[PDB]
Amino acid sequence: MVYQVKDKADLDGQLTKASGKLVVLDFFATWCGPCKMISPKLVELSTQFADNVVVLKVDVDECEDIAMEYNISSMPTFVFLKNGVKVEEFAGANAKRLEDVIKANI
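Here the deposited numbering is used: position 85 in the sequence shown is 85, and no number is missing along the way.
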């Protein structure tokens with residue numbers, strides 16, 4: 001349910017297919033402790049809101065150009081989009097905050 005983009009083009013297509021659903025972009029790194037710590041929760045929410053949410057993971061070491069483009073500097077950073085418009089964005093592994101956002105903007 002949680003898809004990890006191959007590159008910008010891949011991201012620019014996943015967002016298209018997404019249509020009018022809440023999109024959650026998880027910018028993370030494999031060396032980031034808090035990122036792993038929240039990955040399970042993201043998965044849970046992912047399936048708990050399948051049909052009305054689409055979670056895309058973006059590895060910063062693999063897609064550095066997408067990291068610069070979105071101006072990320074802290075991991076994990078969650079950018080929430082809906083119909084092509086940033087609905088919100090925050091960094092850190094605050095699991096409750098994460099569920100709050102998905103739920104409130106689903």
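Quick reminder that beta carbons are idealized off the backbone N, C-alpha and C, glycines included.
A buried status is given to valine 101, since no fewer than 16 other beta-carbon atoms sit within 10 Å of its beta-carbon. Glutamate 89 carries a strand assignment under DSSP once its states are collapsed to helix, strand and coil. Distance from the CA of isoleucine 38 to the CA of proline 76, rounded to the nearest whole angstrom, comes to 9 Å. A residue is called buried when at least 16 other Cβ atoms come within 10 angstroms of its Cβ; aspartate 7 does not meet this threshold and is exposed.
Around the Cβ of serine 74, a 10 Å sphere holds fewer than 16 other Cβ atoms; the residue is exposed. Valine 43 sits away from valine 5, with the two beta carbons spaced by 7 Å or more. For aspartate 59, the enclosing beta strand (DSSP E) has its first and last residue at 53-59.
About 7 Å separates the CB atoms of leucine 22 and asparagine 52; that is less than 8 Å, so the two are in contact. Collapsing the DSSP output to three states places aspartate 7 in coil. Contact annotation, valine 54 with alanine 18: C-beta distance approximately 5 Å; criterion of less than 8 Å satisfied. Secondary structure of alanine 29 (DSSP, three-state): coil.
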